[PDB]
Amino acid sequence: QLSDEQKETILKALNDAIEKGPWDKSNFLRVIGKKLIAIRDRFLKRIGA
Amino acid sequence: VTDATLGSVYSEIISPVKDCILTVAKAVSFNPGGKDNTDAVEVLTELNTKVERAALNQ
């Protein structure tokens, strides 16, 4: 369904957001950043299958 | 599980990111005039828009 071009563009978007977001600015924001990481990790598991 | 698909992207990325945006927006409505939550809304919005675009192939 997904092409290598799409997988490769969605992964960076996620990593970029995880990297640049204000996820260390507060306890609340850390939880949100963690969810983003779980979303990023969930996606990797799939394209890795 | 299986490889990623459009349905997969929507249900496991786009939809959960939307939940994060709504949660952050809710935080903004409580307190207060902070620059951090605002930035999170922008970053998350850009993320979904980028993924939403990719999922549309263009």
# chains A, B, ... in the order shown; residues from 1 in each chain; ligands from 1

call {"tool": "interface_residues", "arguments": {"of": "chain A", "to": "chain B", "cutoff": "7 Å", "atoms": "only C-alpha atoms", "output": "JSON list (two decimals) with N, CA and C atoms, in the first residue's frame"}}
result
[["chain", "number", "residue", "atom", "x", "y", "z"],
["A", 1, "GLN", "N", 0.86, -1.22, 0.00],
["A", 1, "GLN", "CA", 0.00, 0.00, 0.00],
["A", 1, "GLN", "C", 0.88, 1.25, 0.00],
["A", 2, "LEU", "N", 1.74, 1.36, 1.00],
["A", 2, "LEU", "CA", 2.65, 2.50, 1.12],
["A", 2, "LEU", "C", 3.92, 2.26, 0.32],
["A", 6, "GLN", "N", 6.88, 7.31, 0.57],
["A", 6, "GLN", "CA", 5.93, 7.76, 1.57],
["A", 6, "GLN", "C", 6.39, 7.39, 2.97],
["A", 9, "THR", "N", 9.08, 9.62, 4.10],
["A", 9, "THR", "CA", 8.74, 11.03, 4.32],
["A", 9, "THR", "C", 7.93, 11.20, 5.61],
["A", 10, "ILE", "N", 7.19, 10.16, 5.98],
["A", 10, "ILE", "CA", 6.39, 10.19, 7.20],
["A", 10, "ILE", "C", 7.26, 9.96, 8.43],
["A", 13, "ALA", "N", 9.10, 13.24, 9.26],
["A", 13, "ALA", "CA", 8.16, 14.20, 9.81],
["A", 13, "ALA", "C", 8.00, 13.94, 11.30],
["A", 14, "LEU", "N", 7.83, 12.67, 11.66],
["A", 14, "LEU", "CA", 7.68, 12.26, 13.06],
["A", 14, "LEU", "C", 8.95, 12.55, 13.87],
["A", 17, "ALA", "N", 9.47, 16.27, 14.39],
["A", 17, "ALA", "CA", 8.56, 16.80, 15.40],
["A", 17, "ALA", "C", 9.01, 16.42, 16.81],
["A", 21, "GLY", "N", 10.08, 19.67, 18.86],
["A", 21, "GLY", "CA", 8.99, 20.05, 19.75],
["A", 21, "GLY", "C", 9.47, 20.44, 21.13],
["A", 22, "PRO", "N", 8.62, 21.11, 21.92],
["A", 22, "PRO", "CA", 8.96, 21.56, 23.28],
["A", 22, "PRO", "C", 8.65, 20.48, 24.32],
["A", 25, "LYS", "N", 9.88, 21.01, 27.98],
["A", 25, "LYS", "CA", 9.45, 22.23, 28.66],
["A", 25, "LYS", "C", 8.57, 22.05, 29.90],
["A", 32, "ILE", "N", 3.14, 14.20, 26.11],
["A", 32, "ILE", "CA", 2.76, 14.33, 24.70],
["A", 32, "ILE", "C", 3.91, 13.87, 23.80],
["A", 39, "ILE", "N", 4.19, 6.64, 18.76],
["A", 39, "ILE", "CA", 3.59, 6.63, 17.43],
["A", 39, "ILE", "C", 4.70, 6.37, 16.41],
["A", 46, "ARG", "N", 6.06, -1.50, 11.90],
["A", 46, "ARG", "CA", 5.32, -1.90, 10.72],
["A", 46, "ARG", "C", 6.17, -1.95, 9.46],
["A", 47, "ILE", "N", 6.78, -0.82, 9.10],
["A", 47, "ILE", "CA", 7.60, -0.77, 7.90],
["A", 47, "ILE", "C", 8.81, -1.70, 8.02],
["A", 49, "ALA", "N", 8.46, -4.75, 9.38],
["A", 49, "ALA", "CA", 7.91, -6.09, 9.22],
["A", 49, "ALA", "C", 8.02, -6.58, 7.78]]

call {"tool": "select_by_dssp", "arguments": {"residues": "chain A", "states": "helix (DSSP H, G or I)", "output": "MDAnalysis selection string"}}
result
chainID A and resid 4:20 27:48

call {"tool": "atom_distance", "arguments": {"atom1": "atom CA of residue A:45", "atom2": "atom CA of residue B:10"}}
result
15.9 Å

call {"tool": "atom_distance", "arguments": {"atom1": "atom CA of residue A:34", "atom2": "atom CA of residue B:18"}}
result
14.9 Å

call {"tool": "atom_distance", "arguments": {"atom1": "atom CA of residue B:26", "atom2": "atom CA of residue A:18"}}
result
20.3 Å
